[PDB]
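Student: Next up is a structure, given as structure tokens.
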Amino acid sequence: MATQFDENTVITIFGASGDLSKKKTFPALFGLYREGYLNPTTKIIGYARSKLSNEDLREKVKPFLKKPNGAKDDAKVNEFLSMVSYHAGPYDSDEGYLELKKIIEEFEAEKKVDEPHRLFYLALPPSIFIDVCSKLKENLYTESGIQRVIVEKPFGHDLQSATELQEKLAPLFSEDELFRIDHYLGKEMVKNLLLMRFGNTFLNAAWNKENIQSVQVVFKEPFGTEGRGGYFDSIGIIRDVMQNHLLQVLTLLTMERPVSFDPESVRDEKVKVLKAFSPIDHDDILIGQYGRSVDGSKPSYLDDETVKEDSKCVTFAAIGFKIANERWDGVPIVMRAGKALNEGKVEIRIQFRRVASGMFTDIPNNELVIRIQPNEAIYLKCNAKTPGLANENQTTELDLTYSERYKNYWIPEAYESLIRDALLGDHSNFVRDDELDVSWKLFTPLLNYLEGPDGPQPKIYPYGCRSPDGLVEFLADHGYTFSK
């Protein structure tokens, strides 16, 4: 039903000289092209204030282009660059966009195009989205065509600021025209989730309060914010990865089955489950800030020269959640994330219930682990009779390591899969306005509580520690049963 972009589509990246542009956006575009998923007739134009040539732009991005075949597909490289051009102009005034409109109509009139297909990728901070989107609607909007603009998760920092942005954004571009980017929704293992649960009775029949004891979404990084402490100070780990990325994953884990194949039926079920969340319990949290390492070799968060002496900024947080609907009523849900922990990992952990009396009740709980970022894998904790004469049980980890299957296929990077979905007009992996509204309604009261003057002091944990003090208790207090 939604029109697919193929031939004579023109892709304009705004903020092309910027870092996100040259390191991720152009690399992703070349990824698609190198693998035969970008049409040779695509016009790619980079736009920014700075005054560089086609050569500089092409040479700025050439290092970051991913060459998985080495010296092979070198012609694909050189061929992709020839599709790329640059235009200089300010974001704040019409002339840049009026020039840009001339190049594009020239390329498009040169071909049998009576339906211009335009993708605008805004590789920019949100403070400029609105300027650029205003100028795009003022100067570069064809009723006879289809245009789509991609913007990124940054957006706002609480309900008020996110609302104010969308209030300005809605009169410019409909939800059909906006593609909001939450990079986790482009990750392979995240994309697999809906089919994994809804497509397999082995999971879907157990996927309810009758059989699940505990749902965890887990984010660990082994490094702090050294050098960027003052930037992180007004963000914190909850804004950084939990209100957005982790909540997206949680939503895919807990939503009901979409009843149609329209991409908006997926988004409807995410919005629906979000609205079912009970308010966050401000006391049901564990809050940490990373201090000096036990080693002495790693600084504290406060050791950073751009952090004030008294910062209560949270670098680790475990938050409890409650969804009040028929599927999840009473199931404790924990989201936990932290920098400067002991490993780097993004992971879903689901623990299943045991029957209480009967033969195999002293047996351990089943458990499902979906690793997202590192070695994309699925692990199932199972029980089985000890082979042979014995009748004792033994637990078996079934390793569904997807890493072996993923070398037989081309597994794209998140931005490559997301840009592809945009070209196809599929909003399934993009954030809708009401989804955004509700997810900020859920998290703003907690952030207001933490960042108020009477908000609590995070407990200090050493850099590189496995998990701050109280975490293991907090999990036991949220339905998790530890075992040997």
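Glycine residues also receive a Cβ, built from the backbone N, Cα and C atoms like all the rest.
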Student: For the NADP(+) 1 site, Swiss-Prot lists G15, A16, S17, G18, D19, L20, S21, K22, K153; sort out which one of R49, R118 goes with them.
Tutor: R49
Student: Which of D233, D240, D362 shares the D-glucose 6-phosphate site with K153, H183, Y184, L185, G186, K187, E221, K339, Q373 per Swiss-Prot?
Tutor: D240
Student: Which residue of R327, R371 does Swiss-Prot report at the same NADP(+) 2 site as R336, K345, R349, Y379, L380, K381, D399, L400, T401, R466?
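Tutor: It is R371, as the record lists it for that site.
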Student: Of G15, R49, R336, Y379, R466, which binding-site residues are close to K153 (D-glucose 6-phosphate binding site), meaning a Cα within 10 Å of its Cα?
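Tutor: Qualifying among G15, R49, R336, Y379, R466: none.
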Student: Can you tell me which recorded positions out of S17, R49, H245, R336, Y379, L400 are within 10 A of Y184 (D-glucose 6-phosphate binding site) by Cα, answering none if there aren't any?
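Tutor: Close recorded positions: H245.
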Student: I'd like to confirm something. Which of the recorded positions, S21, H245, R349, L400, has a Cα closest to the Cα of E221 (D-glucose 6-phosphate binding site)?
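Tutor: That would be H245, nearest by Cα distance.
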Student: Which of the listed recorded positions (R49, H245, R336, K339, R349) has the least company, meaning the fewest other Cβ atoms within 10 Å of its Cβ?
Tutor: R49
Student: State the three-class DSSP label for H245 (active site, proton acceptor), counting H, G and I as helix, E and B as strand, and everything else as coil.
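Tutor: The residue in question, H245 (active site, proton acceptor), is helix (DSSP, three-state).
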